[PDB]
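Chemist: One structure coming up, written as structure tokens, with questions to follow.
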Amino acid sequence: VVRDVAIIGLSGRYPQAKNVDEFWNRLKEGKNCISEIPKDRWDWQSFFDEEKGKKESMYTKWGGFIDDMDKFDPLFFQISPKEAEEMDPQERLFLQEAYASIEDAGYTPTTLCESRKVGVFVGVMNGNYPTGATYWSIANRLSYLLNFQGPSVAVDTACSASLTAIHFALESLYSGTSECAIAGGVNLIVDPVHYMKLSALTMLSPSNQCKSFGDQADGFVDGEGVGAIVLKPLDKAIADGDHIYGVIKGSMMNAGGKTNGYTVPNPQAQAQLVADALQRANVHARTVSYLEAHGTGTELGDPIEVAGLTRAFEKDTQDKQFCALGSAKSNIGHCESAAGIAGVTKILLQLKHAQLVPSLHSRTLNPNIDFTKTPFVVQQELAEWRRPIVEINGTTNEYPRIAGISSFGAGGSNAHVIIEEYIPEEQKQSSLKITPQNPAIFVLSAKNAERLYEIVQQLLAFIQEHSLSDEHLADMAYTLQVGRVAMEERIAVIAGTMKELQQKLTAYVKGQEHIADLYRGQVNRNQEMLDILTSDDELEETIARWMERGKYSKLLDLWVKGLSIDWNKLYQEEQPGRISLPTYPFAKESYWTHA
Amino acid sequence: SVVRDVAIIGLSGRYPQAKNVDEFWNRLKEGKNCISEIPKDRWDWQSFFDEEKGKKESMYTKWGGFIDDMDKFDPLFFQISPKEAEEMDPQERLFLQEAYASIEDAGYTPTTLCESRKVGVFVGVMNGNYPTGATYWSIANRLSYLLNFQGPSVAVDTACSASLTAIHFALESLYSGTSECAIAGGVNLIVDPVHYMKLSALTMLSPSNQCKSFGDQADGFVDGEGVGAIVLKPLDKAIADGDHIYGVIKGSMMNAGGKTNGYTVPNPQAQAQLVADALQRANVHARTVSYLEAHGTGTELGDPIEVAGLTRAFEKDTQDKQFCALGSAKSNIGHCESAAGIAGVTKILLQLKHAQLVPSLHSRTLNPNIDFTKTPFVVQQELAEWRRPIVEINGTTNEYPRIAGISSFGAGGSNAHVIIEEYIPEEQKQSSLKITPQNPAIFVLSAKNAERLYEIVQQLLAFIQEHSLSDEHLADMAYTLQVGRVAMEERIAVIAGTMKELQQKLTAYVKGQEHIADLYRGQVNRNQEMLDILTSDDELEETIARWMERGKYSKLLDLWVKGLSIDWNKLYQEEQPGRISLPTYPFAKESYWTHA
């Protein structure tokens, strides 16, 4: 039966946004990330022809392109350089983003699920790499390297592949086939044929603007993207103390069927799909305050889109101009398979910051659409997200910030998902208060010294722009203790306040060779030493005694050498909460194949 | 929702040296090897042929399972321009044709398949080497669009288990209520030498022409082509509708191997857990299983791990040995990858229908590394009737139906399993629809043009011959041809009270006979305004009802042949006949290809 499913992790790469934070900054500023075709992909002048519909040519020079496309760190995953050269960049990027999402969740593959029943569902539709289309490997490699014994399937459903993958993951969680799932999508542009095919049958706009729900709409703009989320039942997530971005209440998907031409959308199917999604989620349409439409900026698509949603909403309520409307495609373009995950990321960011971002190019609305006759009001300027107050069935009540996203493929496949915010219960005992009398333990590890240096710099910045304070010390320590893999190069710090942590990390960044309560070491040099020290049960008794009695200094002195420690026993009573911190700074090396 | 029985009501597929299921059964029964040389229309093998194994930009093989009429299509049937069909992937074309054939075999038409039109489509595919790019979603989206299916339409890529995973997803959708019917299947085609070059580079393909499953000297598998589909539907509803059921699916499960001592290395523990969970869901005791369609790729590493995993799974429940059969169709048709699961399902269904176990080729010399005496399985070697196992589960003798299972494992670690059980009809054979000269049947055949109708007549005559159909099948045949076939332009009808009379009249039609008793010809293209004026009157409806009830079949056919639309359901006021399998539409064969 249907039940609440929680989102506990998030990560993605989008045009002019190497992470979610930069993506939020771009959305907040109303920035257009559409740019020219980079020269490293191919030269556009040779293939550029203004005539529309011509074969073996394109009439566009813009698109959403992500930086560091061919960058990988194979040694992290124990992969030879030649293999990585033969691997599809989509597989590499999805692997990195999935690892980053698991890190953001405050979880490691060993502790993600003891049963190891973790599902993997990736949506992808383009395989233009010169070594052939191998979609299954994208998920199989992730399941193999991280040792996931659950479902690992790649889904191809056109522009709604990611959303359909999320739906399948939800179904697997409901059926008990899995306890956790990695759901996401990826879309990369690596061959001019990608643009040639689209230009031949004329869906791409000639300009650099995907004018969603605007006048003069003449198609969408291609873009690249990749992202993933970690799904988990709400009750279990609440018990574990992990942070929840949002809650998924329902999902549905169908096909348009027979229309007046292949690829022509069907409003009736969309209306039925949205109605069924609300039915499953048990959500009244009047309570929805935002809606992430497909919004490809197509003359034909947009009116049909709005009409379908209008009918679905009119099935329940007759009010008008009470819901918002927008799309991230106006910012980052149409990334196809990753469009659904990008919209989900936008919704989660809006919920976190409780704000509605502008929708570009909607200043002049489509004359063919009469929004006054519709519940929707296209967002135009940054505004705080109010909780809707409604009069459902003669009873006033304040409802949480609810949102929905609809993704529709070119082949008629359609999907929809309902997302609701999480309202934590007022349980803030804060018995884990960090003070100089109860100093915290901060541990950072990396494969080599350079990666650790970048980790330190990234953490310092993250503290700066997020304005973290002393109340986050316990959460930070717990996340860095039982949320990060313990690697070769290792260091630790003891701090009773945030400013002290700032000072010591800053000293480490500079060429300071001795710092108070700071330790350095490596595990490669210590195998037999760790073996002899671990041979004794005195090790276990000693570590327990020297944790309980307050001997943190020596505990770190040994942990840095290579000693393995279960930090859970350090918190006998209650448990801190995981939070989001910068992920591992994967090395950037160029690997490519010759056609 | 909760697990429940799901029935199979349709089947169709194309396999090497087998254009349909009947020829596939004939090949399996004869113990035939369908592996042959590479056809010259695909590419020349001598240029790329190098004996050295693992060499780049070359292959060390010249054999594979190839299906005939690969580039043949009938676009005008589906209202498709020739250029579009040229641009369409052959996998999409073949899957579309096979899905239509399966729906026809079910005794169903797209209009009447489901009134709600919630029909799911799940296709497993992993190779997209066509020169126009890999477009997998279109394979299912085109089928949903042409036939107007408003349910899920998704393409699945899970390596060698894509078809089985698609079947699992369709079952889950049926359980959740997202759909009432589903088209599940897979397809795998070889159209580019890169397909063989990649496999030869990392050395999985055997150099010989034999996929020696569970045999000595095993050194890999042999590539093959295949395509097939099935129609799924809840058992209770299918029983109510009277449709024929090939078998019943009790459970399905799928997982991944995880971390092993190398990428693509199988994990026995994951396979054992998968099989155990599948039996758990199906509520089937392992001792009751009498057949098992293993993956059986004929690999030195794979086979012992395969047998060990199944051995552990079975030992979880029972400790008996040498009581279950074992085999694979890959020894016959090779390893078709995405279509391997559907091919094995088809083999199991055919075995259940004919209640026989077919030989497993190249298993005469068993693998020395495997001690089958320590295992429940006994590899089948010769054709034998399928006994119902009599077992002593928990101190109670009972005779159980013929149960079977099939396991498909991908190269990336993905695994799948399905349990199939036979259907035992209840003894309800009132036969109140007996066909006699006093109650003659109505036989109607329609086609786009005259040639297709001619081939339909010939195919039906043959089908009667080799299946030895008799008078007791007349009602089922008439019902299937009435409410199971689309009513097309070229149309004819016949009135017959016995099978021999039908044979005589159809044979006369085949020959150049211009007048035959109780035989009518006509077309619908010439009759639009005539049908409009005749249908303008409610006298039409009253008249057709009167002239059905009162026995005026001759005039009813005289008008039906012209273009009149008739609902044959009212012709059977009491009870309802049962649908059966009859030859499908003979799609025209025209060559369409693209230039790279």
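The chains in the structure tokens are called A, B, ... from first to last as shown; in each chain the residues are counted from 1, and the ligands are counted from 1 in the order shown.
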Quick one: pick out all strand (DSSP E or B) residues within range 373-503 of chain B from a backbone DSSP run and write them as an mmCIF file with C-alpha atoms, in the first residue's frame.
Modeler:
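Output saved as out-v6.cif:
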```cif
data_model
loop_
_atom_site.group_PDB
_atom_site.id
_atom_site.type_symbol
_atom_site.label_atom_id
_atom_site.label_comp_id
_atom_site.auth_asym_id
_atom_site.auth_seq_id
_atom_site.Cartn_x
_atom_site.Cartn_y
_atom_site.Cartn_z
ATOM 1 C CA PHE B 377 19.100 -31.667 -10.906
ATOM 2 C CA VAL B 378 19.210 -34.268 -13.679
ATOM 3 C CA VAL B 379 20.102 -32.769 -17.055
ATOM 4 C CA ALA B 384 10.374 -37.741 -22.321
ATOM 5 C CA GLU B 385 6.855 -37.137 -21.061
ATOM 6 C CA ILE B 390 4.349 -37.008 -6.269
ATOM 7 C CA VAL B 391 5.934 -35.739 -3.062
ATOM 8 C CA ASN B 398 -0.176 -34.988 -2.743
ATOM 9 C CA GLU B 399 0.072 -34.695 -6.519
ATOM 10 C CA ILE B 403 5.857 -26.389 -12.022
ATOM 11 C CA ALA B 404 8.897 -24.797 -13.635
ATOM 12 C CA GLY B 405 11.314 -21.940 -13.111
ATOM 13 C CA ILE B 406 13.627 -19.883 -15.297
ATOM 14 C CA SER B 407 16.672 -17.862 -14.230
ATOM 15 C CA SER B 408 18.353 -15.171 -16.339
ATOM 16 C CA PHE B 409 21.581 -13.458 -15.272
ATOM 17 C CA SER B 414 21.886 -8.224 -12.544
ATOM 18 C CA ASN B 415 19.843 -11.366 -11.908
ATOM 19 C CA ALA B 416 16.208 -12.383 -12.293
ATOM 20 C CA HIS B 417 13.970 -15.387 -11.687
ATOM 21 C CA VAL B 418 10.375 -16.372 -12.441
ATOM 22 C CA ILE B 419 8.140 -19.269 -11.380
ATOM 23 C CA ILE B 420 5.637 -20.674 -13.887
ATOM 24 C CA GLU B 421 2.837 -23.123 -13.089
ATOM 25 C CA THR B 436 -24.176 -28.975 -36.461
ATOM 26 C CA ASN B 439 -26.850 -24.801 -36.323
ATOM 27 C CA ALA B 441 -21.249 -21.723 -37.914
ATOM 28 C CA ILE B 442 -20.170 -18.431 -39.482
ATOM 29 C CA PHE B 443 -16.562 -18.216 -40.681
ATOM 30 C CA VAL B 444 -15.250 -14.773 -41.643
ATOM 31 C CA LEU B 445 -11.801 -13.852 -42.974
ATOM 32 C CA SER B 446 -10.636 -10.316 -43.761
ATOM 33 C CA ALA B 447 -7.443 -8.738 -45.064
ATOM 34 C CA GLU B 490 -11.058 -7.236 -48.351
ATOM 35 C CA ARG B 491 -13.613 -9.530 -46.752
ATOM 36 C CA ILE B 492 -15.164 -12.969 -47.277
ATOM 37 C CA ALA B 493 -17.398 -15.343 -45.337
ATOM 38 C CA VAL B 494 -18.456 -18.991 -45.368
ATOM 39 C CA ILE B 495 -21.254 -21.038 -43.795
ATOM 40 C CA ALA B 496 -20.313 -24.571 -42.746
#
```
Chemist: May I have all residues of range 437-570 of chain A that DSSP, computed from the backbone, assigns to alpha helix (DSSP H), given as number ranges by chain?
Modeler: A: 449-466, 473-482, 498-509, 528-535, 537-548, 552-559
Chemist: Keeping only C-alpha atoms, write the selected residues as a PDB file, in the first residue's frame.
Modeler:
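Okay, result-v2.pdb is ready:
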```pdb
ATOM      1  CA  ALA A 449      47.555  15.128   0.868  1.00  0.00           C
ATOM      2  CA  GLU A 450      46.252  17.339  -1.950  1.00  0.00           C
ATOM      3  CA  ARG A 451      42.700  15.999  -1.668  1.00  0.00           C
ATOM      4  CA  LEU A 452      42.804  16.602   2.091  1.00  0.00           C
ATOM      5  CA  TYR A 453      43.974  20.172   1.447  1.00  0.00           C
ATOM      6  CA  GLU A 454      41.016  20.787  -0.866  1.00  0.00           C
ATOM      7  CA  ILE A 455      38.698  19.180   1.695  1.00  0.00           C
ATOM      8  CA  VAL A 456      39.938  21.620   4.341  1.00  0.00           C
ATOM      9  CA  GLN A 457      39.485  24.624   2.048  1.00  0.00           C
ATOM     10  CA  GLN A 458      36.002  23.517   0.970  1.00  0.00           C
ATOM     11  CA  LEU A 459      34.947  22.959   4.582  1.00  0.00           C
ATOM     12  CA  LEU A 460      36.232  26.392   5.614  1.00  0.00           C
ATOM     13  CA  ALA A 461      34.255  28.036   2.813  1.00  0.00           C
ATOM     14  CA  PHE A 462      31.147  25.988   3.626  1.00  0.00           C
ATOM     15  CA  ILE A 463      31.341  27.275   7.200  1.00  0.00           C
ATOM     16  CA  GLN A 464      31.741  30.820   5.876  1.00  0.00           C
ATOM     17  CA  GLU A 465      28.844  31.172   3.433  1.00  0.00           C
ATOM     18  CA  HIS A 466      26.454  28.993   5.479  1.00  0.00           C
ATOM     19  CA  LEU A 473      29.346  21.295  16.131  1.00  0.00           C
ATOM     20  CA  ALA A 474      27.803  18.012  17.295  1.00  0.00           C
ATOM     21  CA  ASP A 475      26.077  17.390  13.960  1.00  0.00           C
ATOM     22  CA  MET A 476      29.259  18.211  12.039  1.00  0.00           C
ATOM     23  CA  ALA A 477      31.341  15.874  14.207  1.00  0.00           C
ATOM     24  CA  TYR A 478      28.842  13.021  13.901  1.00  0.00           C
ATOM     25  CA  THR A 479      28.563  13.441  10.125  1.00  0.00           C
ATOM     26  CA  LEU A 480      32.346  13.528   9.705  1.00  0.00           C
ATOM     27  CA  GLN A 481      32.736  10.520  12.028  1.00  0.00           C
ATOM     28  CA  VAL A 482      30.125   8.023  10.791  1.00  0.00           C
ATOM     29  CA  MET A 498      33.722  27.070  15.956  1.00  0.00           C
ATOM     30  CA  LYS A 499      36.279  29.894  15.984  1.00  0.00           C
ATOM     31  CA  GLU A 500      38.940  27.526  17.323  1.00  0.00           C
ATOM     32  CA  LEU A 501      38.181  25.099  14.485  1.00  0.00           C
ATOM     33  CA  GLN A 502      38.508  27.966  12.004  1.00  0.00           C
ATOM     34  CA  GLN A 503      41.873  28.995  13.444  1.00  0.00           C
ATOM     35  CA  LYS A 504      43.339  25.484  13.433  1.00  0.00           C
ATOM     36  CA  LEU A 505      42.125  24.616   9.929  1.00  0.00           C
ATOM     37  CA  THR A 506      43.429  27.952   8.638  1.00  0.00           C
ATOM     38  CA  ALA A 507      46.791  27.207  10.259  1.00  0.00           C
ATOM     39  CA  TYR A 508      46.821  23.818   8.527  1.00  0.00           C
ATOM     40  CA  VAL A 509      46.138  25.500   5.175  1.00  0.00           C
ATOM     41  CA  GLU A 528      52.175  -4.821  11.088  1.00  0.00           C
ATOM     42  CA  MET A 529      52.093  -2.124  13.781  1.00  0.00           C
ATOM     43  CA  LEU A 530      48.293  -2.019  13.608  1.00  0.00           C
ATOM     44  CA  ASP A 531      48.243  -5.829  13.580  1.00  0.00           C
ATOM     45  CA  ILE A 532      50.309  -6.169  16.763  1.00  0.00           C
ATOM     46  CA  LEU A 533      48.393  -3.389  18.520  1.00  0.00           C
ATOM     47  CA  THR A 534      45.080  -4.963  17.461  1.00  0.00           C
ATOM     48  CA  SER A 535      46.226  -8.469  18.430  1.00  0.00           C
ATOM     49  CA  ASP A 537      42.080  -7.376  23.608  1.00  0.00           C
ATOM     50  CA  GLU A 538      43.811  -4.673  25.633  1.00  0.00           C
ATOM     51  CA  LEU A 539      43.222  -2.597  22.498  1.00  0.00           C
ATOM     52  CA  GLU A 540      39.438  -2.854  22.776  1.00  0.00           C
ATOM     53  CA  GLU A 541      39.371  -2.371  26.545  1.00  0.00           C
ATOM     54  CA  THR A 542      41.890   0.473  26.286  1.00  0.00           C
ATOM     55  CA  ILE A 543      40.008   2.347  23.553  1.00  0.00           C
ATOM     56  CA  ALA A 544      36.777   2.022  25.536  1.00  0.00           C
ATOM     57  CA  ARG A 545      38.446   3.245  28.737  1.00  0.00           C
ATOM     58  CA  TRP A 546      40.244   6.099  26.963  1.00  0.00           C
ATOM     59  CA  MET A 547      37.037   7.203  25.261  1.00  0.00           C
ATOM     60  CA  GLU A 548      34.909   7.141  28.416  1.00  0.00           C
ATOM     61  CA  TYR A 552      40.593  12.072  23.233  1.00  0.00           C
ATOM     62  CA  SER A 553      44.164  13.156  22.438  1.00  0.00           C
ATOM     63  CA  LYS A 554      45.631   9.644  22.435  1.00  0.00           C
ATOM     64  CA  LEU A 555      42.515   8.265  20.738  1.00  0.00           C
ATOM     65  CA  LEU A 556      43.206  10.615  17.829  1.00  0.00           C
ATOM     66  CA  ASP A 557      46.931   9.845  18.016  1.00  0.00           C
ATOM     67  CA  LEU A 558      46.077   6.215  17.217  1.00  0.00           C
ATOM     68  CA  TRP A 559      43.148   6.829  14.847  1.00  0.00           C
TER      69      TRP A 559
END
```
Chemist: Against chain A, which residues of chain B fall within 7 Å? For each one I want the closest pair of atoms and the distance in Å (one decimal), counting only C-alpha atoms, rows by chain and increasing residue number, as a tab-separated table.
Modeler:
```
residue	atom	partner	partner_atom	distance
B:1	CA	A:1	CA	6.3
B:128	CA	A:133	CA	6.7
B:134	CA	A:127	CA	6.7
B:136	CA	A:156	CA	6.7
B:137	CA	A:157	CA	5.3
B:138	CA	A:411	CA	6.4
B:141	CA	A:411	CA	5.3
B:144	CA	A:257	CA	5.8
B:145	CA	A:257	CA	4.6
B:146	CA	A:258	CA	6.2
B:148	CA	A:257	CA	4.2
B:149	CA	A:257	CA	5.0
B:150	CA	A:255	CA	4.6
B:151	CA	A:254	CA	4.6
B:152	CA	A:254	CA	4.5
B:153	CA	A:255	CA	6.4
B:154	CA	A:157	CA	5.4
B:155	CA	A:156	CA	5.4
B:156	CA	A:155	CA	5.4
B:157	CA	A:154	CA	5.4
B:158	CA	A:136	CA	5.3
B:159	CA	A:136	CA	6.0
B:254	CA	A:151	CA	6.3
B:255	CA	A:151	CA	4.5
B:256	CA	A:149	CA	4.6
B:257	CA	A:149	CA	5.6
B:258	CA	A:147	CA	4.2
B:259	CA	A:147	CA	4.5
B:412	CA	A:140	CA	5.3
B:413	CA	A:140	CA	6.6
B:414	CA	A:152	CA	6.5
```
Chemist: Please produce a file of those selected residues containing N, CA and C atoms, as an mmCIF file, in the first residue's frame.
Modeler:
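Dumped everything to selection_26.cif:
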```cif
data_model
loop_
_atom_site.group_PDB
_atom_site.id
_atom_site.type_symbol
_atom_site.label_atom_id
_atom_site.label_comp_id
_atom_site.auth_asym_id
_atom_site.auth_seq_id
_atom_site.Cartn_x
_atom_site.Cartn_y
_atom_site.Cartn_z
ATOM 1 N N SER B 1 0.226 -4.131 -5.017
ATOM 2 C CA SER B 1 -0.583 -4.794 -4.002
ATOM 3 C C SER B 1 0.008 -6.154 -3.646
ATOM 4 N N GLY B 128 21.773 -1.289 -29.595
ATOM 5 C CA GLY B 128 21.231 -0.258 -30.461
ATOM 6 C C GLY B 128 22.162 0.129 -31.591
ATOM 7 N N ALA B 134 20.728 4.743 -31.164
ATOM 8 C CA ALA B 134 19.969 3.890 -30.255
ATOM 9 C C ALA B 134 18.788 4.684 -29.712
ATOM 10 N N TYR B 136 15.619 3.438 -27.830
ATOM 11 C CA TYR B 136 14.906 2.302 -27.257
ATOM 12 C C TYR B 136 13.469 2.658 -26.890
ATOM 13 N N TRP B 137 13.237 3.884 -26.415
ATOM 14 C CA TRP B 137 11.900 4.254 -25.957
ATOM 15 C C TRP B 137 10.880 4.141 -27.083
ATOM 16 N N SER B 138 11.289 4.454 -28.314
ATOM 17 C CA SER B 138 10.358 4.398 -29.435
ATOM 18 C C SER B 138 9.796 2.996 -29.628
ATOM 19 N N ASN B 141 6.900 3.088 -27.323
ATOM 20 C CA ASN B 141 6.024 4.233 -27.545
ATOM 21 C C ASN B 141 5.256 4.100 -28.856
ATOM 22 N N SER B 144 2.434 1.696 -28.284
ATOM 23 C CA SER B 144 1.366 2.316 -27.506
ATOM 24 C C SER B 144 0.598 3.347 -28.323
ATOM 25 N N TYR B 145 1.263 4.009 -29.271
ATOM 26 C CA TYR B 145 0.606 5.043 -30.065
ATOM 27 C C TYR B 145 -0.272 4.438 -31.154
ATOM 28 N N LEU B 146 0.281 3.516 -31.944
ATOM 29 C CA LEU B 146 -0.486 2.931 -33.040
ATOM 30 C C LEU B 146 -1.711 2.190 -32.520
ATOM 31 N N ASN B 148 -2.957 2.663 -29.456
ATOM 32 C CA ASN B 148 -3.657 3.534 -28.513
ATOM 33 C C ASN B 148 -3.729 2.898 -27.123
ATOM 34 N N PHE B 149 -2.556 2.673 -26.539
ATOM 35 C CA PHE B 149 -2.445 2.173 -25.175
ATOM 36 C C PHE B 149 -2.081 3.336 -24.261
ATOM 37 N N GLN B 150 -2.919 3.583 -23.254
ATOM 38 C CA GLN B 150 -2.742 4.697 -22.333
ATOM 39 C C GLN B 150 -2.136 4.260 -21.005
ATOM 40 N N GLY B 151 -1.427 3.135 -20.988
ATOM 41 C CA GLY B 151 -0.759 2.668 -19.798
ATOM 42 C C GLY B 151 0.739 2.880 -19.880
ATOM 43 N N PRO B 152 1.473 2.348 -18.905
ATOM 44 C CA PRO B 152 2.933 2.497 -18.923
ATOM 45 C C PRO B 152 3.541 1.937 -20.200
ATOM 46 N N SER B 153 4.543 2.648 -20.718
ATOM 47 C CA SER B 153 5.269 2.231 -21.918
ATOM 48 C C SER B 153 6.735 2.590 -21.700
ATOM 49 N N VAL B 154 7.516 1.619 -21.233
ATOM 50 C CA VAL B 154 8.896 1.844 -20.823
ATOM 51 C C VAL B 154 9.775 0.745 -21.401
ATOM 52 N N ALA B 155 10.986 1.119 -21.806
ATOM 53 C CA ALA B 155 11.988 0.176 -22.284
ATOM 54 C C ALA B 155 13.013 -0.060 -21.183
ATOM 55 N N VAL B 156 13.362 -1.325 -20.962
ATOM 56 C CA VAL B 156 14.233 -1.730 -19.867
ATOM 57 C C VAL B 156 15.525 -2.291 -20.440
ATOM 58 N N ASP B 157 16.649 -1.901 -19.841
ATOM 59 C CA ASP B 157 17.967 -2.406 -20.216
ATOM 60 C C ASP B 157 18.643 -2.933 -18.955
ATOM 61 N N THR B 158 18.689 -4.256 -18.817
ATOM 62 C CA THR B 158 19.306 -4.923 -17.677
ATOM 63 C C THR B 158 20.207 -6.053 -18.157
ATOM 64 N N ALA B 159 20.946 -5.804 -19.238
ATOM 65 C CA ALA B 159 21.863 -6.786 -19.805
ATOM 66 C C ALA B 159 21.106 -7.989 -20.354
ATOM 67 N N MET B 254 14.229 -10.166 -8.592
ATOM 68 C CA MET B 254 15.430 -9.741 -9.294
ATOM 69 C C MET B 254 16.307 -8.945 -8.338
ATOM 70 N N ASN B 255 17.616 -9.045 -8.540
ATOM 71 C CA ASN B 255 18.593 -8.406 -7.667
ATOM 72 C C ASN B 255 19.896 -8.245 -8.445
ATOM 73 N N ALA B 256 20.972 -7.923 -7.729
ATOM 74 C CA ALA B 256 22.294 -7.773 -8.316
ATOM 75 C C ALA B 256 23.305 -8.563 -7.500
ATOM 76 N N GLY B 257 24.341 -9.054 -8.182
ATOM 77 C CA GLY B 257 25.348 -9.852 -7.502
ATOM 78 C C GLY B 257 26.115 -9.064 -6.458
ATOM 79 N N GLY B 258 26.452 -7.814 -6.768
ATOM 80 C CA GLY B 258 27.192 -6.978 -5.844
ATOM 81 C C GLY B 258 28.680 -6.963 -6.128
ATOM 82 N N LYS B 259 29.491 -6.967 -5.073
ATOM 83 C CA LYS B 259 30.942 -6.948 -5.208
ATOM 84 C C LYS B 259 31.461 -8.379 -5.256
ATOM 85 N N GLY B 412 26.436 -7.734 -16.148
ATOM 86 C CA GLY B 412 26.763 -6.727 -15.163
ATOM 87 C C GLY B 412 26.440 -7.092 -13.734
ATOM 88 N N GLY B 413 25.988 -8.318 -13.482
ATOM 89 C CA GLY B 413 25.631 -8.760 -12.151
ATOM 90 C C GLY B 413 24.144 -8.792 -11.874
ATOM 91 N N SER B 414 23.328 -8.192 -12.736
ATOM 92 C CA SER B 414 21.886 -8.224 -12.544
ATOM 93 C C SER B 414 21.356 -9.638 -12.744
#
```
Chemist: Near residue 365 in chain A, within 7 Å and counting only C-alpha atoms, which residues show up once chain neighbours fewer than 4 positions away are dropped, as a ChimeraX atom specification?
Modeler: /A:213-215
Chemist: If we count only C-alpha atoms, what is near residue 223 in chain B at a cut-off of 9 Å, once residues fewer than 3 positions away on the same chain are taken out, given as a ChimeraX atom specification?
Modeler: /B:35,63-66,190,196,205,211,333-337
Chemist: Write the residues of the preceding selection, restricted to C-alpha atoms, as an mmCIF file, in the first residue's frame.
Modeler:
```
data_model
loop_
_atom_site.group_PDB
_atom_site.id
_atom_site.type_symbol
_atom_site.label_atom_id
_atom_site.label_comp_id
_atom_site.auth_asym_id
_atom_site.auth_seq_id
_atom_site.Cartn_x
_atom_site.Cartn_y
_atom_site.Cartn_z
ATOM 1 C CA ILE B 35 23.367 -22.236 -35.203
ATOM 2 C CA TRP B 63 28.543 -18.725 -36.340
ATOM 3 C CA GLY B 64 25.436 -17.359 -34.687
ATOM 4 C CA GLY B 65 21.689 -17.623 -34.380
ATOM 5 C CA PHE B 66 20.223 -15.552 -37.212
ATOM 6 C CA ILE B 190 22.596 -8.280 -34.992
ATOM 7 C CA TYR B 196 30.755 -9.328 -32.663
ATOM 8 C CA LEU B 205 32.146 -15.989 -27.499
ATOM 9 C CA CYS B 211 26.682 -23.405 -26.791
ATOM 10 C CA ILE B 333 19.173 -21.274 -30.557
ATOM 11 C CA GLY B 334 22.237 -19.867 -28.792
ATOM 12 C CA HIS B 335 22.427 -16.946 -26.388
ATOM 13 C CA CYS B 336 20.092 -14.183 -27.587
ATOM 14 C CA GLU B 337 20.770 -12.022 -24.504
#
```
Chemist: Find the residues near residue 279 in chain B: any atom within 10 Å, counting only C-alpha atoms, skip ones fewer than 4 places away on the same chain, and give them as a list in words.
Modeler: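 After dropping sequence-adjacent residues, the list is residues 250, 251, 252, 253, 273, 274, 275, 283, 284, 285, 286, 313, 314, 405, 417, 418 and 419 of chain B.
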Chemist: With only C-alpha atoms as the atoms that count, which of A:416, A:490, A:31, A:387 lies nearest to residue 16 in chain A?
Modeler: A:31
Chemist: Which neighbours of range 77-81 of chain A fall inside 12 Å, counting only C-alpha atoms, when residues of the same chain fewer than 6 positions from it are skipped, and could you give them as a PyMOL selection string?
Modeler: (chain A and resi 71+87+92+95-96+99+141-142+144-146+447+586-587+589-593) or (chain B and resi 262-263)
Chemist: List as a ChimeraX atom specification the protein and nucleic acid residues near residue 169 in chain A, meaning an atom at most 7 Å away when only C-alpha atoms are counted, but skip any in the same chain fewer than 6 places from it.
Modeler: /A:121,181,183
Chemist: What does the structure give for the distance between CA of residue 95 in chain B and CA of residue 242 in chain B, in Å to one decimal?
Modeler: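 That distance, rounded to one decimal, is 26.7 Å.
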Chemist: Interatomic distance between CA of residue 96 in chain B and CA of residue 222 in chain B?
Modeler: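 Interatomic distance, CA of residue 96 in chain B to CA of residue 222 in chain B: 26.1 Å.
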Chemist: What is the distance between CA of residue 11 in chain B and CA of residue 102 in chain B, in Å to one decimal?
Modeler: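 About the pair CA of residue 11 in chain B and CA of residue 102 in chain B: they are 5.0 Å apart.
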